[PDB]
>>> print(open('final.txt').read())   # compact mmCIF, C-alpha atoms and all ligand atoms
# COMPACT_ATOMS: atom_id res chain seq x y z
CA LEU A 1 23.65 -4.74 45.83
CA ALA A 2 27.20 -3.56 46.65
CA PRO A 3 29.22 -4.99 43.71
CA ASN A 4 32.85 -6.03 44.09
CA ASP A 5 34.30 -4.03 41.15
CA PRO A 6 37.62 -2.66 42.54
CA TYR A 7 37.18 0.94 41.44
CA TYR A 8 33.41 1.22 42.11
CA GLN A 9 33.49 2.43 45.72
CA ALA A 10 36.17 5.14 45.24
CA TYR A 11 35.28 6.44 41.79
CA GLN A 12 31.60 5.84 41.00
CA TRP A 13 29.72 8.48 43.01
CA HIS A 14 27.31 8.77 40.10
CA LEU A 15 25.99 5.30 40.97
CA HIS A 16 25.95 5.31 44.79
CA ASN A 17 26.39 8.89 46.21
CA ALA A 18 23.41 10.01 48.34
CA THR A 19 23.16 13.54 46.87
CA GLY A 20 24.42 13.14 43.30
CA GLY A 21 23.95 9.44 42.51
CA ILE A 22 21.06 7.54 40.82
CA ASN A 23 20.32 5.16 43.68
CA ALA A 24 21.74 2.19 41.75
CA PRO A 25 22.54 -0.20 44.72
CA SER A 26 18.86 -0.46 45.70
CA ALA A 27 17.66 -0.62 42.09
CA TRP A 28 20.05 -3.55 41.47
CA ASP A 29 18.22 -5.55 44.15
CA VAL A 30 15.25 -5.47 41.73
CA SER A 31 16.56 -5.46 38.15
CA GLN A 32 19.85 -5.39 36.23
CA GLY A 33 18.22 -4.99 32.77
CA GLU A 34 18.39 -8.62 31.64
CA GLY A 35 16.74 -9.23 28.28
CA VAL A 36 16.74 -5.56 27.10
CA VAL A 37 18.80 -4.07 24.26
CA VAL A 38 20.01 -0.46 24.51
CA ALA A 39 21.35 0.99 21.25
CA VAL A 40 24.26 3.40 21.85
CA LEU A 41 24.53 5.75 18.86
CA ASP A 42 28.00 7.15 19.32
CA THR A 43 31.69 6.94 18.31
CA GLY A 44 31.58 3.13 18.19
CA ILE A 45 33.14 0.75 20.70
CA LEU A 46 36.20 -1.18 21.79
CA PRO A 47 34.46 -4.59 21.55
CA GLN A 48 37.14 -6.56 23.40
CA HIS A 49 37.44 -4.28 26.44
CA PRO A 50 37.68 -6.88 29.24
CA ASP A 51 35.03 -5.14 31.33
CA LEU A 52 32.52 -4.99 28.40
CA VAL A 53 32.89 -8.42 26.72
CA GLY A 54 29.84 -10.51 27.31
CA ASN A 55 27.40 -7.53 27.21
CA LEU A 56 27.85 -6.36 23.60
CA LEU A 57 26.13 -7.14 20.30
CA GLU A 58 27.99 -6.74 16.99
CA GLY A 59 26.11 -3.61 15.90
CA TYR A 60 26.90 -1.61 12.79
CA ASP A 61 28.84 1.39 11.49
CA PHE A 62 26.58 3.92 9.73
CA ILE A 63 29.34 6.47 8.97
CA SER A 64 29.14 7.00 5.21
CA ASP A 65 32.43 8.90 4.76
CA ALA A 66 35.86 7.28 4.81
CA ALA A 67 37.63 10.40 6.16
CA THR A 68 35.19 10.49 9.13
CA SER A 69 35.10 6.73 9.80
CA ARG A 70 38.85 6.17 9.13
CA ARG A 71 37.79 3.05 7.20
CA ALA A 72 38.84 2.21 3.63
CA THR A 73 35.51 3.14 1.92
CA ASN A 74 32.49 5.41 2.28
CA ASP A 75 30.30 2.36 2.86
CA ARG A 76 28.37 1.45 6.00
CA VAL A 77 29.65 -1.86 7.40
CA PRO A 78 28.77 -4.44 10.12
CA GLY A 79 30.38 -4.05 13.56
CA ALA A 80 31.01 -0.80 15.42
CA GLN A 81 34.78 -0.80 16.11
CA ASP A 82 35.85 2.71 17.04
CA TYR A 83 38.83 3.54 14.79
CA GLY A 84 39.60 6.68 16.83
CA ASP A 85 38.10 10.15 16.43
CA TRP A 86 41.35 12.06 17.10
CA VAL A 87 42.07 15.23 15.15
CA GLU A 88 45.74 15.99 14.54
CA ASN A 89 45.56 19.72 13.78
CA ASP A 90 43.75 22.88 14.90
CA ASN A 91 40.84 24.12 12.71
CA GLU A 92 40.23 20.80 10.96
CA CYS A 93 36.63 20.51 12.22
CA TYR A 94 35.59 24.22 12.16
CA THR A 95 37.30 27.60 12.75
CA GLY A 96 39.06 27.63 16.09
CA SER A 97 38.58 23.87 16.59
CA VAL A 98 41.45 22.49 18.67
CA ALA A 99 43.44 19.32 18.00
CA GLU A 100 42.50 16.48 20.34
CA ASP A 101 43.21 12.87 21.09
CA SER A 102 40.75 10.03 20.49
CA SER A 103 37.83 10.14 22.93
CA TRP A 104 36.64 6.51 23.02
CA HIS A 105 33.41 8.35 23.93
CA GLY A 106 31.18 5.47 22.76
CA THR A 107 33.03 2.97 24.96
CA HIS A 108 32.58 5.20 28.03
CA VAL A 109 28.84 5.74 27.34
CA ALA A 110 28.34 2.01 26.68
CA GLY A 111 30.07 1.39 30.02
CA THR A 112 27.56 3.56 31.90
CA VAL A 113 24.84 1.54 30.17
CA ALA A 114 26.10 -2.01 30.64
CA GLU A 115 29.66 -2.32 31.95
CA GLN A 116 30.10 -5.80 33.47
CA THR A 117 29.49 -5.55 37.18
CA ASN A 118 30.30 -7.61 40.26
CA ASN A 119 32.99 -9.32 38.13
CA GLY A 120 36.01 -8.29 40.20
CA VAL A 121 37.29 -6.05 37.36
CA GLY A 122 37.40 -2.27 36.89
CA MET A 123 34.10 -0.39 37.28
CA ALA A 124 30.32 -1.05 37.43
CA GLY A 125 27.54 -0.21 34.90
CA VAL A 126 23.85 0.52 35.43
CA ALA A 127 21.97 -2.02 33.26
CA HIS A 128 24.77 -4.54 33.62
CA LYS A 129 22.77 -7.58 32.43
CA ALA A 130 21.36 -5.78 29.40
CA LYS A 131 23.11 -5.85 26.04
CA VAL A 132 24.49 -2.77 24.22
CA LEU A 133 23.84 -2.60 20.48
CA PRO A 134 26.70 -0.24 19.42
CA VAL A 135 25.77 1.84 16.43
CA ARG A 136 28.75 3.88 15.17
CA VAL A 137 27.63 7.28 13.85
CA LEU A 138 30.42 9.62 15.02
CA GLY A 139 34.08 9.69 13.96
CA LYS A 140 36.65 12.36 13.04
CA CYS A 141 35.04 15.80 13.63
CA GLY A 142 31.73 14.16 14.52
CA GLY A 143 29.09 12.75 12.17
CA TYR A 144 26.38 13.36 9.57
CA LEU A 145 22.72 13.99 10.33
CA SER A 146 21.62 11.56 7.61
CA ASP A 147 23.80 8.82 9.13
CA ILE A 148 22.45 9.52 12.60
CA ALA A 149 18.82 9.48 11.35
CA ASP A 150 19.28 6.16 9.55
CA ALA A 151 20.94 4.72 12.66
CA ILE A 152 17.88 5.66 14.71
CA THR A 153 15.62 3.86 12.23
CA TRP A 154 17.72 0.71 12.15
CA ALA A 155 18.42 0.60 15.89
CA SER A 156 14.67 0.72 16.65
CA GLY A 157 13.77 -2.04 14.20
CA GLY A 158 12.92 0.06 11.10
CA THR A 159 14.22 -0.67 7.58
CA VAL A 160 17.16 1.18 6.02
CA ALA A 161 18.08 0.74 2.33
CA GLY A 162 21.35 -1.13 2.07
CA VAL A 163 21.49 -2.41 5.66
CA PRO A 164 20.40 -5.94 6.65
CA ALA A 165 17.37 -6.05 8.98
CA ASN A 166 18.29 -5.49 12.65
CA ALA A 167 17.85 -8.85 14.44
CA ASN A 168 18.09 -7.05 17.80
CA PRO A 169 15.60 -4.11 17.75
CA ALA A 170 16.37 -1.85 20.75
CA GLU A 171 13.85 -1.00 23.49
CA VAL A 172 15.98 2.08 24.28
CA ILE A 173 18.16 4.40 22.15
CA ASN A 174 20.82 6.61 23.80
CA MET A 175 22.17 9.58 21.82
CA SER A 176 25.02 11.20 23.71
CA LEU A 177 25.52 13.66 20.86
CA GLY A 178 24.23 16.98 19.70
CA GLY A 179 24.62 19.95 17.37
CA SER A 180 23.20 23.44 16.81
CA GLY A 181 19.80 23.87 15.21
CA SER A 182 16.27 23.09 16.25
CA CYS A 183 15.01 19.61 15.33
CA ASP A 184 14.40 19.28 11.64
CA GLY A 185 12.12 16.98 9.64
CA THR A 186 14.80 14.28 9.02
CA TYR A 187 15.69 13.88 12.70
CA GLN A 188 12.05 14.22 13.79
CA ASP A 189 10.77 11.63 11.32
CA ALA A 190 13.38 9.06 12.32
CA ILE A 191 12.60 9.65 16.02
CA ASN A 192 8.88 9.39 15.35
CA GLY A 193 9.51 6.05 13.63
CA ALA A 194 11.46 4.74 16.62
CA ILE A 195 8.66 5.86 19.02
CA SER A 196 6.04 4.16 16.80
CA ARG A 197 8.00 0.88 17.21
CA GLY A 198 7.97 1.22 21.04
CA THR A 199 11.56 2.50 21.44
CA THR A 200 12.26 5.19 24.09
CA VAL A 201 14.78 7.74 22.79
CA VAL A 202 17.03 9.34 25.45
CA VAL A 203 19.31 12.22 24.45
CA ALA A 204 21.92 14.50 26.01
CA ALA A 205 20.76 18.09 26.50
CA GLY A 206 24.10 19.53 25.37
CA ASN A 207 27.04 21.32 27.00
CA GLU A 208 26.81 24.94 25.78
CA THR A 209 25.27 26.48 29.00
CA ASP A 210 22.41 27.44 26.71
CA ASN A 211 18.71 26.72 26.05
CA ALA A 212 18.25 23.09 24.88
CA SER A 213 15.55 24.38 22.45
CA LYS A 214 18.40 25.58 20.19
CA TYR A 215 20.09 22.16 19.68
CA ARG A 216 19.28 18.77 18.15
CA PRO A 217 18.32 16.12 19.02
CA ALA A 218 17.84 17.74 22.46
CA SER A 219 14.96 19.86 21.09
CA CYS A 220 13.14 17.03 19.22
CA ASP A 221 9.59 16.13 20.17
CA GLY A 222 8.98 12.80 21.83
CA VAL A 223 12.46 12.31 23.32
CA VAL A 224 13.74 12.29 26.91
CA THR A 225 16.21 15.21 27.10
CA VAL A 226 18.70 14.85 29.96
CA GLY A 227 20.54 17.65 31.74
CA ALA A 228 23.67 17.18 33.86
CA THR A 229 24.19 17.44 37.61
CA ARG A 230 27.28 17.41 39.84
CA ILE A 231 28.17 15.17 42.74
CA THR A 232 26.57 17.96 44.85
CA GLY A 233 23.21 17.39 43.10
CA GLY A 234 23.32 20.92 41.53
CA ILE A 235 23.55 21.98 37.87
CA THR A 236 26.91 21.62 36.12
CA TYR A 237 28.61 24.69 34.72
CA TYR A 238 28.11 23.40 31.13
CA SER A 239 24.64 21.84 31.21
CA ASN A 240 22.06 23.13 28.78
CA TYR A 241 18.69 23.99 30.35
CA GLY A 242 15.17 25.05 29.52
CA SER A 243 11.65 23.74 29.42
CA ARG A 244 12.67 20.99 26.95
CA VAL A 245 14.90 19.38 29.61
CA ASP A 246 12.92 16.55 31.26
CA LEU A 247 15.23 15.53 34.13
CA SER A 248 18.94 15.18 34.81
CA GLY A 249 21.48 12.50 35.43
CA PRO A 250 25.02 12.75 36.92
CA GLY A 251 27.24 14.33 34.24
CA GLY A 252 30.13 15.43 36.52
CA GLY A 253 30.89 19.03 37.44
CA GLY A 254 34.49 18.97 36.15
CA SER A 255 37.48 20.50 37.91
CA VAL A 256 35.48 22.40 40.56
CA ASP A 257 34.59 18.98 42.09
CA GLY A 258 38.08 17.51 41.77
CA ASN A 259 39.12 13.95 41.04
CA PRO A 260 37.13 11.64 41.24
CA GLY A 261 34.06 13.66 42.13
CA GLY A 262 34.00 15.91 39.05
CA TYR A 263 33.81 13.07 36.48
CA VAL A 264 31.87 9.91 35.50
CA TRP A 265 34.06 6.80 35.41
CA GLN A 266 33.82 3.88 32.98
CA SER A 267 35.62 1.58 30.53
CA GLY A 268 37.80 3.34 27.96
CA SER A 269 41.35 3.50 26.58
CA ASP A 270 44.37 5.74 26.95
CA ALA A 271 45.09 5.46 23.21
CA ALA A 272 45.77 8.90 21.62
CA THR A 273 45.04 7.92 17.98
CA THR A 274 44.28 4.35 16.75
CA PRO A 275 43.12 1.67 19.25
CA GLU A 276 46.60 0.06 18.96
CA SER A 277 48.36 3.27 20.08
CA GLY A 278 47.18 2.63 23.64
CA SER A 279 45.51 0.03 25.85
CA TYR A 280 42.27 -0.67 27.75
CA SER A 281 41.73 1.60 30.73
CA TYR A 282 39.09 3.33 32.88
CA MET A 283 38.53 7.01 32.10
CA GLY A 284 36.79 9.93 33.78
CA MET A 285 34.71 12.16 31.54
CA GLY A 286 32.19 14.91 32.19
CA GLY A 287 29.18 15.99 30.12
CA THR A 288 25.49 15.63 29.41
CA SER A 289 26.86 12.69 27.34
CA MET A 290 27.53 10.93 30.65
CA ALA A 291 24.17 11.88 32.18
CA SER A 292 22.03 10.57 29.28
CA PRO A 293 23.17 6.86 29.54
CA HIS A 294 22.32 6.85 33.23
CA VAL A 295 18.70 7.64 32.30
CA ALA A 296 18.75 5.31 29.25
CA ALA A 297 19.96 2.44 31.46
CA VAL A 298 17.24 3.15 34.07
CA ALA A 299 14.71 2.88 31.24
CA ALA A 300 16.29 -0.51 30.47
CA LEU A 301 16.09 -1.64 34.18
CA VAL A 302 12.33 -0.79 34.18
CA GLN A 303 11.50 -2.55 30.89
CA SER A 304 13.47 -5.60 32.14
CA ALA A 305 11.65 -5.74 35.45
CA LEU A 306 8.21 -5.49 33.73
CA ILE A 307 9.06 -8.27 31.26
CA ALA A 308 10.35 -10.41 34.17
CA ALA A 309 6.99 -10.05 35.96
CA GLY A 310 4.99 -10.86 32.79
CA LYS A 311 3.79 -7.22 32.63
CA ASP A 312 3.60 -5.07 29.49
CA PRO A 313 6.65 -2.85 28.64
CA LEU A 314 5.95 0.84 28.94
CA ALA A 315 5.23 2.78 25.76
CA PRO A 316 7.70 5.69 25.16
CA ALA A 317 5.40 8.39 26.56
CA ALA A 318 4.69 6.37 29.70
CA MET A 319 8.42 5.75 30.14
CA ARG A 320 9.24 9.49 29.98
CA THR A 321 6.39 10.32 32.38
CA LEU A 322 7.61 7.68 34.78
CA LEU A 323 11.26 8.80 34.73
CA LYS A 324 10.16 12.44 35.33
CA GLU A 325 7.61 11.71 38.07
CA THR A 326 10.04 9.50 40.02
CA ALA A 327 13.15 11.74 39.71
CA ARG A 328 14.74 12.81 43.06
CA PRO A 329 14.15 16.60 43.55
CA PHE A 330 17.50 18.37 43.44
CA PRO A 331 19.27 18.72 46.85
CA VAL A 332 20.64 22.12 45.75
CA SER A 333 18.47 24.94 44.41
CA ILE A 334 18.32 25.12 40.62
CA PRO A 335 18.02 28.77 39.41
CA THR A 336 14.67 29.67 37.89
CA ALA A 337 16.17 30.67 34.57
CA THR A 338 18.19 27.43 34.11
CA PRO A 339 15.66 24.59 34.70
CA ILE A 340 17.04 21.07 34.23
CA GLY A 341 13.85 19.02 34.60
CA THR A 342 12.07 17.45 37.55
CA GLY A 343 15.06 16.02 39.44
CA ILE A 344 17.91 13.50 39.16
CA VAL A 345 16.88 10.13 37.77
CA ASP A 346 16.24 7.71 40.59
CA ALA A 347 16.64 4.11 39.46
CA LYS A 348 14.94 2.59 42.51
CA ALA A 349 12.00 5.02 42.56
CA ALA A 350 11.38 4.37 38.84
CA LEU A 351 11.32 0.60 39.39
CA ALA A 352 9.08 0.89 42.49
CA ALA A 353 6.45 2.96 40.63
CA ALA A 354 6.56 0.81 37.44
CA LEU A 355 6.01 -2.35 39.45
CA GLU A 356 3.17 -0.94 41.58
CA CA B 401 33.44 -4.50 36.24
>>> encode(input="final.txt", output="structure tokens", more="lines below")
Ligand SMILES: [Ca+2]
Amino acid sequence: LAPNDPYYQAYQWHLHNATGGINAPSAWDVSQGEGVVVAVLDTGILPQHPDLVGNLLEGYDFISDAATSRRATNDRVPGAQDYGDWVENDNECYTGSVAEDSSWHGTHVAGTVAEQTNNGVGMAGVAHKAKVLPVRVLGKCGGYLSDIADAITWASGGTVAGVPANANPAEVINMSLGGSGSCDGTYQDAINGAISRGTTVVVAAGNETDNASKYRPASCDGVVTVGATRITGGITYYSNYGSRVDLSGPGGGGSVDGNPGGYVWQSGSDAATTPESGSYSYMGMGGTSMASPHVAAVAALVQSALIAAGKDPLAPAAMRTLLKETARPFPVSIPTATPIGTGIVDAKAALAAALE
């Protein structure tokens, strides 16, 4: 499928480039992810972005701190509106932190997952007939481990005190987020719960040019940890690495690869603070945060295709094994000491093997 989105051909090398892309055109001839729910645990969403409407569920906001959420109270609330994660001043988040504008990170990641495609508007997305369940866990200066753990439980169909039962349990969780520290009990138990309910958990390896074993949730057991490659098919300068990394997706190499080829392109906003300070746009961002949703959406294409053929969905372990075994070996040598998994996720090869 060669969709008609105006910016797809020029910008979206991560979808269609022969060395650095995920082989999406051919995969789309087989599945678009219809009938699957991918939970995006992230900064929230711009629910009325014109290139996302139609593919979103209401979701929920698990941030339990008014200063972080920019809401009126410390309560968790329905919906996942991103209020903006900007920070006005240096050193507000930690020593040497630098002031920055709102990211709309969650809207970009949700775009990779399920941006409306072949609709004559903006960009394409990978599992563009799936639905995104936006679960807001990150705001000003990031988020809280206990919030993120409860979001994992709820997203995957588990019960959380004080939140109404999730009517839309997710077959796939994407966590484009990370922090220092090896995986603890709280994270691990929530992840184990999600796995026990059949949910595949896909996480970003992290951007510290360091061993993924030292960060969470990258280092958790049972998850798919995703490194980042460039348009060239080689490791990015920032990607974490190590034996915990299962495979990679296109994260964008940054300035070395120029514009557009250094960045992943999706729905976003140019707003610097609140949503109202700017307007809907398409933004280029680089990171393992951009690689992870490519792999999460391929998981959604596979589950969709199985369901469509009256076959059983894969269990989480089988899903990880499949994504690894079908990854495209890297077209540039990866150094021995910085392994980033078996290859770049290959949407078509994953579908072909699942449907054999
Ligand atoms: Ca579009």
>>> closest_atom_pairs(input="final.txt", of="chain A", to="ligand CA 401 (chain B)", cutoff="7 Å", atoms="all atoms listed in the file", output="JSON lines")
{"residue": "A:5", "atom": "CA", "partner": "B:CA401", "partner_atom": "CA", "distance": 5.0}
{"residue": "A:51", "atom": "CA", "partner": "B:CA401", "partner_atom": "CA", "distance": 5.2}
{"residue": "A:115", "atom": "CA", "partner": "B:CA401", "partner_atom": "CA", "distance": 6.1}
{"residue": "A:116", "atom": "CA", "partner": "B:CA401", "partner_atom": "CA", "distance": 4.5}
{"residue": "A:117", "atom": "CA", "partner": "B:CA401", "partner_atom": "CA", "distance": 4.2}
{"residue": "A:118", "atom": "CA", "partner": "B:CA401", "partner_atom": "CA", "distance": 6.0}
{"residue": "A:119", "atom": "CA", "partner": "B:CA401", "partner_atom": "CA", "distance": 5.2}
{"residue": "A:120", "atom": "CA", "partner": "B:CA401", "partner_atom": "CA", "distance": 6.1}
{"residue": "A:121", "atom": "CA", "partner": "B:CA401", "partner_atom": "CA", "distance": 4.3}
{"residue": "A:122", "atom": "CA", "partner": "B:CA401", "partner_atom": "CA", "distance": 4.6}
{"residue": "A:123", "atom": "CA", "partner": "B:CA401", "partner_atom": "CA", "distance": 4.3}
{"residue": "A:124", "atom": "CA", "partner": "B:CA401", "partner_atom": "CA", "distance": 4.8}
>>> write_last_selection(input="final.txt", atoms="C-alpha atoms", output="mmCIF file, keeping the file's coordinate frame")
data_model
loop_
_atom_site.group_PDB
_atom_site.id
_atom_site.type_symbol
_atom_site.label_atom_id
_atom_site.label_comp_id
_atom_site.auth_asym_id
_atom_site.auth_seq_id
_atom_site.Cartn_x
_atom_site.Cartn_y
_atom_site.Cartn_z
ATOM 1 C CA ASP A 5 34.300 -4.030 41.150
ATOM 2 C CA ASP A 51 35.030 -5.140 31.330
ATOM 3 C CA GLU A 115 29.660 -2.320 31.950
ATOM 4 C CA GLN A 116 30.100 -5.800 33.470
ATOM 5 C CA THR A 117 29.490 -5.550 37.180
ATOM 6 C CA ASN A 118 30.300 -7.610 40.260
ATOM 7 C CA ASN A 119 32.990 -9.320 38.130
ATOM 8 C CA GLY A 120 36.010 -8.290 40.200
ATOM 9 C CA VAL A 121 37.290 -6.050 37.360
ATOM 10 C CA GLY A 122 37.400 -2.270 36.890
ATOM 11 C CA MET A 123 34.100 -0.390 37.280
ATOM 12 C CA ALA A 124 30.320 -1.050 37.430
#
>>> closest_residue(input="final.txt", among="A:128, A:244, A:197, A:70", to="residue 298 in chain A", atoms="all atoms listed in the file")
A:128
>>> closest_residue(input="final.txt", among="A:236, A:55, A:207, A:107", to="residue 80 in chain A", atoms="all atoms listed in the file")
A:107
>>> atom_distance(input="final.txt", atom1="CA of residue 84 in chain A", atom2="CA of residue 105 in chain A")
9.6 Å
>>> residues_around(input="final.txt", residues="residue 263 in chain A", least_positions_apart="5", cutoff="12 Å", atoms="only C-alpha atoms", output="short mmCIF file (atom, residue, chain, number, x, y, z; two decimals) with C-alpha atoms, keeping the file's coordinate frame")
data_model
loop_
_atom_site.label_atom_id
_atom_site.label_comp_id
_atom_site.auth_asym_id
_atom_site.auth_seq_id
_atom_site.Cartn_x
_atom_site.Cartn_y
_atom_site.Cartn_z
CA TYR A 11 35.28 6.44 41.79
CA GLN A 12 31.60 5.84 41.00
CA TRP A 13 29.72 8.48 43.01
CA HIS A 14 27.31 8.77 40.10
CA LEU A 15 25.99 5.30 40.97
CA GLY A 20 24.42 13.14 43.30
CA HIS A 108 32.58 5.20 28.03
CA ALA A 228 23.67 17.18 33.86
CA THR A 229 24.19 17.44 37.61
CA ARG A 230 27.28 17.41 39.84
CA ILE A 231 28.17 15.17 42.74
CA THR A 236 26.91 21.62 36.12
CA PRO A 250 25.02 12.75 36.92
CA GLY A 251 27.24 14.33 34.24
CA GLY A 252 30.13 15.43 36.52
CA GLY A 253 30.89 19.03 37.44
CA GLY A 254 34.49 18.97 36.15
CA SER A 255 37.48 20.50 37.91
CA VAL A 256 35.48 22.40 40.56
CA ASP A 257 34.59 18.98 42.09
CA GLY A 258 38.08 17.51 41.77
CA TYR A 282 39.09 3.33 32.88
CA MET A 283 38.53 7.01 32.10
CA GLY A 284 36.79 9.93 33.78
CA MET A 285 34.71 12.16 31.54
CA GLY A 286 32.19 14.91 32.19
CA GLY A 287 29.18 15.99 30.12
CA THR A 288 25.49 15.63 29.41
CA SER A 289 26.86 12.69 27.34
CA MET A 290 27.53 10.93 30.65
CA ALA A 291 24.17 11.88 32.18
#
>>> closest_residue(input="final.txt", among="A:165, A:137, A:126, A:77", to="residue 31 in chain A", atoms="all atoms listed in the file")
A:126
>>> closest_residue(input="final.txt", among="A:315, A:46, A:145, A:191", to="residue 104 in chain A", atoms="all atoms listed in the file")
A:46
>>> closest_residue(input="final.txt", among="A:176, A:224, A:319, A:18", to="residue 306 in chain A", atoms="all atoms listed in the file")
A:319
>>> atom_distance(input="final.txt", atom1="CA of residue 83 in chain A", atom2="CA of residue 138 in chain A")
10.4 Å
>>> closest_residue(input="final.txt", among="A:171, A:150, A:75, A:101", to="residue 316 in chain A", atoms="all atoms listed in the file")
A:171
>>> residues_around(input="final.txt", residues="residue 167 in chain A", least_positions_apart="4", cutoff="10 Å", atoms="only C-alpha atoms", output="PyMOL selection string")
chain A and resi 59+154-155+157
>>> write_last_selection(input="final.txt", atoms="C-alpha atoms", output="PDB file, keeping the file's coordinate frame")
ATOM      1  CA  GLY A  59      26.110  -3.610  15.900  1.00  0.00           C
ATOM      2  CA  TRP A 154      17.720   0.710  12.150  1.00  0.00           C
ATOM      3  CA  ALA A 155      18.420   0.600  15.890  1.00  0.00           C
ATOM      4  CA  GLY A 157      13.770  -2.040  14.200  1.00  0.00           C
TER       5      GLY A 157
END
>>> atom_distance(input="final.txt", atom1="CA of residue 19 in chain A", atom2="CA of residue 232 in chain A")
5.9 Å
>>> residues_around(input="final.txt", residues="residue 49 in chain A", least_positions_apart="3", cutoff="8 Å", atoms="all atoms listed in the file", output="short mmCIF file (atom, residue, chain, number, x, y, z; two decimals) with C-alpha atoms, keeping the file's coordinate frame")
data_model
loop_
_atom_site.label_atom_id
_atom_site.label_comp_id
_atom_site.auth_asym_id
_atom_site.auth_seq_id
_atom_site.Cartn_x
_atom_site.Cartn_y
_atom_site.Cartn_z
CA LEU A 46 36.20 -1.18 21.79
CA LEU A 52 32.52 -4.99 28.40
CA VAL A 53 32.89 -8.42 26.72
CA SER A 267 35.62 1.58 30.53
CA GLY A 268 37.80 3.34 27.96
CA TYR A 280 42.27 -0.67 27.75
#
>>> residues_near_point(input="final.txt", point="(42.2, 15.1, 15.5)", cutoff="12 Å", atoms="only C-alpha atoms", output="list in words")
residues 67, 68, 70, 84, 85, 86, 87, 88, 89, 90, 91, 92, 93, 94, 97, 98, 99, 100, 101, 102, 103, 139, 140, 141, 142, 272, 273 and 274 of chain A
>>> residues_near_point(input="final.txt", point="(16.1, 11.5, 11.7)", cutoff="9 Å", atoms="only C-alpha atoms", output="PDB file with C-alpha atoms, in the frame of the given file")
ATOM      1  CA  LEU A 145      22.720  13.990  10.330  1.00  0.00           C
ATOM      2  CA  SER A 146      21.620  11.560   7.610  1.00  0.00           C
ATOM      3  CA  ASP A 147      23.800   8.820   9.130  1.00  0.00           C
ATOM      4  CA  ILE A 148      22.450   9.520  12.600  1.00  0.00           C
ATOM      5  CA  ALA A 149      18.820   9.480  11.350  1.00  0.00           C
ATOM      6  CA  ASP A 150      19.280   6.160   9.550  1.00  0.00           C
ATOM      7  CA  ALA A 151      20.940   4.720  12.660  1.00  0.00           C
ATOM      8  CA  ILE A 152      17.880   5.660  14.710  1.00  0.00           C
ATOM      9  CA  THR A 153      15.620   3.860  12.230  1.00  0.00           C
ATOM     10  CA  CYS A 183      15.010  19.610  15.330  1.00  0.00           C
ATOM     11  CA  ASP A 184      14.400  19.280  11.640  1.00  0.00           C
ATOM     12  CA  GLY A 185      12.120  16.980   9.640  1.00  0.00           C
ATOM     13  CA  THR A 186      14.800  14.280   9.020  1.00  0.00           C
ATOM     14  CA  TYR A 187      15.690  13.880  12.700  1.00  0.00           C
ATOM     15  CA  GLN A 188      12.050  14.220  13.790  1.00  0.00           C
ATOM     16  CA  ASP A 189      10.770  11.630  11.320  1.00  0.00           C
ATOM     17  CA  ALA A 190      13.380   9.060  12.320  1.00  0.00           C
ATOM     18  CA  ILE A 191      12.600   9.650  16.020  1.00  0.00           C
ATOM     19  CA  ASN A 192       8.880   9.390  15.350  1.00  0.00           C
ATOM     20  CA  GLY A 193       9.510   6.050  13.630  1.00  0.00           C
ATOM     21  CA  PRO A 217      18.320  16.120  19.020  1.00  0.00           C
TER      22      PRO A 217
END
>>> residues_around(input="final.txt", residues="residue 303 in chain A", least_positions_apart="3", cutoff="8 Å", atoms="all atoms listed in the file", output="CSV table (one decimal) with C-alpha atoms, in the coordinates of the input")
chain,number,residue,atom,x,y,z
A,33,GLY,CA,18.2,-5.0,32.8
A,36,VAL,CA,16.7,-5.6,27.1
A,171,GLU,CA,13.8,-1.0,23.5
A,299,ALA,CA,14.7,2.9,31.2
A,300,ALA,CA,16.3,-0.5,30.5
A,306,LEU,CA,8.2,-5.5,33.7
A,307,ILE,CA,9.1,-8.3,31.3
A,313,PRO,CA,6.6,-2.8,28.6
A,314,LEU,CA,6.0,0.8,28.9
>>> build_atoms(input="final.txt", residues="range 64-69 of chain A", atoms="N, CA, C and O atoms", output="CSV table (one decimal), keeping the file's coordinate frame")
chain,number,residue,atom,x,y,z
A,64,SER,N,29.1,7.2,6.7
A,64,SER,CA,29.1,7.0,5.2
A,64,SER,C,30.2,7.9,4.6
A,64,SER,O,29.9,8.5,3.5
A,65,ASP,N,31.4,8.0,5.2
A,65,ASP,CA,32.4,8.9,4.8
A,65,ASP,C,33.7,8.4,5.3
A,65,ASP,O,34.0,8.4,6.5
A,66,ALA,N,34.6,7.9,4.4
A,66,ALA,CA,35.9,7.3,4.8
A,66,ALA,C,36.7,8.2,5.7
A,66,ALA,O,37.4,7.7,6.6
A,67,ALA,N,36.8,9.5,5.4
A,67,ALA,CA,37.6,10.4,6.2
A,67,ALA,C,37.1,10.5,7.6
A,67,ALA,O,37.9,10.7,8.5
A,68,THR,N,35.8,10.4,7.8
A,68,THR,CA,35.2,10.5,9.1
A,68,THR,C,35.4,9.2,9.8
A,68,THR,O,35.7,9.1,11.0
A,69,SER,N,35.1,8.1,9.2
A,69,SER,CA,35.1,6.7,9.8
A,69,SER,C,36.5,6.2,10.0
A,69,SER,O,36.7,5.2,10.8
